[PDB]
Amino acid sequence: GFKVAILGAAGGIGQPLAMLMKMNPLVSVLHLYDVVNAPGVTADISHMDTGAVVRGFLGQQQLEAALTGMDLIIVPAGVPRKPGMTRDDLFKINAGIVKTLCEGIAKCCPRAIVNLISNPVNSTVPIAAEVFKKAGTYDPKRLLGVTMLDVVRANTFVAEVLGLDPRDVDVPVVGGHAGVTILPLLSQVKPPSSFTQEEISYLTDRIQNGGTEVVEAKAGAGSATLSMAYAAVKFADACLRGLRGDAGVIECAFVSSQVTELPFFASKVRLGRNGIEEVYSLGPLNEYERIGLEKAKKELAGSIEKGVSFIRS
């Protein structure tokens, strides 16, 4: 099996995520890390009678111990939005957080596959890339922004409109991980289907804003944590199956790419023994998607620069 580290394992997303990884039969070793409550979460999880052995790590002084030897690093680390946040002062905190964790990764497990969930992903992935570049350990094939939740939402909402089982639907989602930056390619959905103009717009808008659906349901106090955990694990499991050597492991992720003029983009990627084995091109898009693509790119260009800038200064 493989060794996995979850950074921020005691948070809202972290916990359900650690519970699910502890259940993954491909995980031999599981390191739960956080700046608080790591021991209590570890204790709880240690009782589950599954294959993976779990250990906890608390504080910066233990990050090295948590990271050393890991094959995959799942990073949902990030401070929540509470005191009337979005204050942008938030972004500085999260960017700061992704920064140190990446410094640790660059130092302790430079070859480990990295699944960055820390939001905003459109900026933190570039941040990570820059930090690794500055450390001389950047392998664009091993850094992935987890955009899986958008695909999960798309599959679910598309299935609902088509009256299908969500498990039998696959919706490619490209671009970025926030708002109009999220671009579901309905014209490339599986199984083959046709959508009315009405459905195409309803679906796209819904997928792009699925996040606030949950924030609304929680009176703006919280956001998706469970579905996020479920998605990150579905994605982590994919990376693990890739490291195992499985063929055709394909999923959408926000990665370093040349599929567009932008340095980082979300598209279909093939996961293998050394991370990303192939970044799939966007291919044919219809009018609606083209117009959406451009709007996505415009915002994405700025978000990337924002992250690249945060480090390069």
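Start at 1 and count along the sequence shown; that's the residue number.
Q: I need to verify one thing: averaged over C-alpha atoms only, is the B-factor higher for 193-201 or for 72-80?
A: Per the deposited B-factors, the answer is 72-80.
Q: Quick check: 55-63 versus 247-255, which has the larger average CA B-factor in the record?
A: Higher mean C-alpha B-factor in the PDB entry: 55-63.
Q: Looking at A106, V161, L149, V173, which has the highest Cα B-factor in the entry?
A: Highest C-alpha B-factor among the listed options: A106.
Q: Have a look at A154, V114, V180, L90 and flag the one whose Cα has the highest B-factor in the entry.
A: Result of the comparison over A154, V114, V180, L90: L90.
Q: Sorting the chain's CA B-factors, does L271 end up in the lowest, middle or highest third?
A: It falls in the middle third of the chain.
Q: Would the CA B-factor of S123 place it in the lowest, middle or highest third of its chain?
A: Ranked within chain, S123 CA B lands in the middle tercile.
Q: Using the temperature factors of the C-alpha atoms in this entry, rank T100 within its chain: lowest, middle or highest third.
A: According to the entry, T100 has a C-alpha B-factor in the chain's highest third.
Q: Comparing against every modelled residue in the chain, figure out the third that the C-alpha B-factor of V4 lands in (lowest, middle or highest).
A: As the PDB entry reports it, the C-alpha B-factor of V4 lands in the lowest third of its chain.
Q: Sorting by Cα B-factor within the chain, modelled residues only, which third would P184 end up in: lowest, middle or highest?
A: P184: CA B-factor falls in the lowest third of its chain.
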